[PDB]
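*Asks:* First residue of the sequence shown? That's 1892 in full-length UniProt numbering, and the numbers climb one at a time after it.
Note that beta-carbon positions come from the ideal geometry of N, C-alpha and C, so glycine has one too.
Quick one: the structure is below, and I'll ask about it shortly.
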Amino acid sequence: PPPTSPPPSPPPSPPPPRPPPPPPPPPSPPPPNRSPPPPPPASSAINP
Ligand SMILES: *[C@H]1O[C@H](CO)[C@H](O)[C@H](O)[C@H]1O
Ligand SMILES: *[C@H]1O[C@H](CO)[C@H](O)[C@H](O)[C@H]1O
Ligand SMILES: *[C@H]1O[C@H](CO)[C@H](O)[C@H](O)[C@H]1O
Ligand SMILES: *[C@H]1O[C@H](CO)[C@H](O)[C@H](O)[C@H]1O
Ligand SMILES: *[C@H]1O[C@H](CO)[C@H](O)[C@H](O)[C@H]1O
């Protein structure tokens, strides 16, 4: 007899485990230091 046909081929292997997740970004930098107010106008003279 002719050589018997080979057994069926196995189904495709499963995909490797999917990668882990990224890490949360470092704390966002604080706001800019707001500048101070301006000095009051030159005051008048004290009462006599
Ligand atoms: C698979 O091939 C063989 C020959 O190698 C044979 O013809 C079988 O009948 C067939 O199923
Ligand atoms: C798929 O694999 C089988 C053996 O498992 C055989 O070689 C077939 O010829 C091939 O198509
Ligand atoms: C991955 O699995 C299939 C069967 O699901 C087969 O065995 C391969 O040889 C293997 O790499
Ligand atoms: C402030 O910066 C961090 C990273 O430095 C992150 O992107 C925040 O989303 C942002 O608000
Ligand atoms: C006033 O000072 C702050 C820093 O405290 C900053 O440089 C502002 O740009 C400036 O106007």
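1) Between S1935 and ligand 4, is the CB less than 7 Å from at least one heavy atom?
2) What I want to know is whether the C-beta of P1916 ends up closer than 7 Å to one or more non-hydrogen atoms of ligand 4.
3) What number of angstroms, rounded off, separates the C-alpha of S1896 from the C-alpha of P1911?
*Replies:* Quick look at the numbers:
1) no
2) If you check the C-beta of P1916 against ligand 4, you find a heavy atom less than 7 Å away.
3) 44 Å
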